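Below: one structure, written as structure tokens.
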Amino acid sequence: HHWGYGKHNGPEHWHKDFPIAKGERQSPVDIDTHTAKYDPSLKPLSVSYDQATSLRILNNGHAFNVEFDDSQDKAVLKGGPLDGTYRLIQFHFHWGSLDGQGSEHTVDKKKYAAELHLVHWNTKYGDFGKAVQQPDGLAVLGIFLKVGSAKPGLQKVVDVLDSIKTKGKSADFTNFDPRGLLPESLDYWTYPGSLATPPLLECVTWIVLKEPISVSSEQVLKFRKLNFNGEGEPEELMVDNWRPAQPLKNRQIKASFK
Ligand SMILES: [Zn+2]
């Protein structure tokens, strides 16, 4: 039926409705650190989020998204391997039922407890909808989460989750600053890939940060209390909403560092 992460509609089934799932530039992938090529010509990333305007938080039945005002160049990403300016539209997370799994990308086959995706679209295309149809339309910053110390900047997010427990619920979520979710270092790996949920379009330049951020056990616990289902439906906890690693095929992963 409609796609999800269960036994009957999970990632291994996606190709039936979305044939691009077996495509040549699908994501996520395993990042082999010994085979990644250091590229001296890659520039440092430029993250300008001082003017970010968050608007709302929504449970869409597959994750929760924090949405931003993208009507102007308020929160942008540029530099790195990118040409042009990419506007932040939303961020979401992927997490597991246990601390040993949850991330989409893996590093030398290591899985992290969760993975944050900051989604941005190329302004040359005028809107998000047109950007996903282009090979360089999206830039997604992936940040791994490990369990350790609490991340103060994540607490505002954790605390509103009760209010969007089920699918289709939304809440006003203004004045949230995404700078509170970045690691200290912006060293990264990059490769050409795709959206990791249907429609799985191959329009993403992935930028995966080397340094994970730490969250506490209690923080991640709150994510696992969300529901995949709508209100008044049988309860299905929102856990393990990650797609497994896909074949690298003809692609090279580049590193901004040695
Ligand atoms: Zn994602």
Side-chain angles (χ1 to χ4, degrees), residues 27 42-60 62-94 104-105 114-134 136-145 151-161 164 170-190 193-197 201 203-213 215 219 223 256:
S27 293
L42 277 175
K43 303 186 182 77
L45 284 169
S46 181
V47 178
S48 319
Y49 289 171
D50 43 297
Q51 305 264 72
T53 301
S54 60
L55 290 176
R56 204 175 66 149
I57 185 169
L58 164 76
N59 176 338
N60 65 10
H62 53 94
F64 62 92
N65 278 184
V66 170
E67 300 165 338
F68 282 87
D69 173 14
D70 70 334
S71 66
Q72 306 179 79
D73 283 357
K74 288 170 141 162
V76 306
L77 172 69
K78 57 184 91 80
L82 306 176
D83 304 318
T85 309
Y86 289 69
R87 296 194 185 148
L88 172 69
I89 177 167
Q90 54 109 324
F91 68 76
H92 63 269
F93 297 85
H94 301 271
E104 288 204 315
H105 289 90
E115 187 170 331
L116 170 60
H117 289 159
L118 299 134
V119 180
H120 315 67
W121 55 273
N122 195 330
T123 64
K124 95 167 111 153
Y125 307 116
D127 65 60
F128 181 82
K130 304 302 171 324
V132 299
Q133 319 178 5
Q134 305 293 152
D136 58 353
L138 293 196
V140 181
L141 211 58
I143 299 173
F144 290 122
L145 274 66
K151 186 86 179 175
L154 179 64
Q155 198 66 27
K156 266 160 72 173
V157 176
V158 172
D159 284 338
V160 73
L161 300 182
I164 59 146
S170 75
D172 294 309
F173 198 69
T174 61
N175 304 108
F176 174 80
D177 182 353
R179 289 178 300 181
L181 303 173
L182 305 176
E184 168 201 315
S185 177
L186 301 180
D187 286 344
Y188 63 86
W189 294 283
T190 188
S194 73
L195 304 181
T197 49
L201 298 179
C203 64
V204 183
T205 296
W206 279 93
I207 300 161
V208 179
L209 304 192
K210 172 181 43 49
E211 183 184 331
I213 57 160
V215 300
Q219 289 183 315
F223 287 13
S256 73

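Just so you know, residue 1 is the first one in the sequence shown, and it goes up from there. Note: hydrogens, waters and symmetry copies are ignored here, and every other heavy atom, side chains too, is used.
- Expressed to the nearest 0.5 Å, how far CZ of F93 lies from CG of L154 amounts to 5.0 Å.
- For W206 against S194, the heavy-atom pair with the smallest separation is NE1-O, 3.0 Å.
- For the pair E211 (side chain) and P183 (backbone), a donor-acceptor distance under 3.5 Å is absent.
- Proximity of a side-chain donor or acceptor of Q219 to a complementary backbone N or O of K151 within less than 3.5 Å is detected.
- Scored by the ring-ring contact (aromatic ring centres under 6.0 Å, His included) test, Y125 finds no partners at all (sequence neighbours excluded).
- To the nearest 0.5 Å, atom CD of residue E67 and atom CZ of residue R56 are 4.0 Å apart.
- Taking each heavy atom of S27 and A196 in turn, the nearest pair found is O-CB, 3.8 Å.
- The side-chain heavy atoms of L209 and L186, taken from C-beta on, include a pair separated by under 4.5 Å.
- Rounded to the nearest 0.5 Å, atoms CD1 (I207) and NE2 (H120) are 8.0 Å apart.
- Taking the side chain as every heavy atom from C-beta outward, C203 and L195 approach each other to under 4.5 Å.
- Annotation: salt bridge (charged side-chain N to carboxylate O under 4.0 Å, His left out) contacts of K210 (sequence neighbours excluded): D187.
- Partners of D70 under the salt bridge (charged side-chain N to carboxylate O under 4.0 Å, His left out) rule, at least two apart in sequence or in another chain, do not exist in this structure.
- Contact annotation: the side chain of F223 approaches that of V158 to within less than 4.5 Å [non-hydrogen atoms, C-beta and beyond].
- The environment of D83 atom CG is sparse: at most 12 non-hydrogen atoms of other residues, nucleotides or ligands sit within 6.0 angstrom.
- In terms of modelled atom types and a separation under 3.5 Å, the side chain of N59 and the main chain of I164 share a donor-acceptor contact.
- Residue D50 qualifies as enclosed at atom CG: its count of foreign heavy atoms under 6.0 Å is above 12.
- Contact of the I57 side chain with the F176 side chain is not registered, since no non-hydrogen atoms from C-beta on lie closer than 4.5 Å.
- In this structure, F68 has its ring center at least 6.0 angstrom away from the ring center of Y49.
- What you find for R87 and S71 is that their closest heavy atoms are NH1-C, 3.5 Å.
- You'll find the side chain of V157 reaches within 4.5 Å of the side chain of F173, heavy atoms only.
- In this structure, OG1 on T123 lies 14.0 Å from CZ on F128, to the nearest 0.5 angstrom.
- For an aromatic pair to be called close, the ring centres must be under 6.0 Å apart, and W189 with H105 fails this.
- Across all their heavy atoms, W121 and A131 have their closest contact at CB-CB, 3.8 Å.
- Residues forming a salt bridge (charged side-chain N to carboxylate O under 4.0 Å, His left out) with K124 (at least two apart in sequence, or on another chain): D136.
- For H62, the ring-ring contact (aromatic ring centres under 6.0 Å, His included) test picks out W3, with sequence neighbours left out.
- Taking 4.5 Å as the limit, some side-chain heavy atom of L45 sits within range of a side-chain heavy atom of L77.
- Here the CG atom belonging to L82 is positioned 9.5 Å from the NZ atom belonging to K43, to the nearest 0.5 angstrom.
- Proximity of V119 to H92: side-chain heavy atoms (C-beta onward) are separated by under 4.5 Å at one or more points.
- The CG atom of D177 sits 10.5 Å away from the OG1 atom of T53 when rounded to the nearest 0.5 Å.
- The minimum heavy-atom distance linking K78 with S48 is given by the pair NZ-OG, 4.1 Å.
- Across all non-hydrogen atoms, the minimal contact from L182 to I213 is C-CG2, 4.0 Å.
- Residues that satisfy the ring-ring contact (aromatic ring centres under 6.0 Å, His included) test with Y188, not counting sequence neighbours, are absent from this structure.
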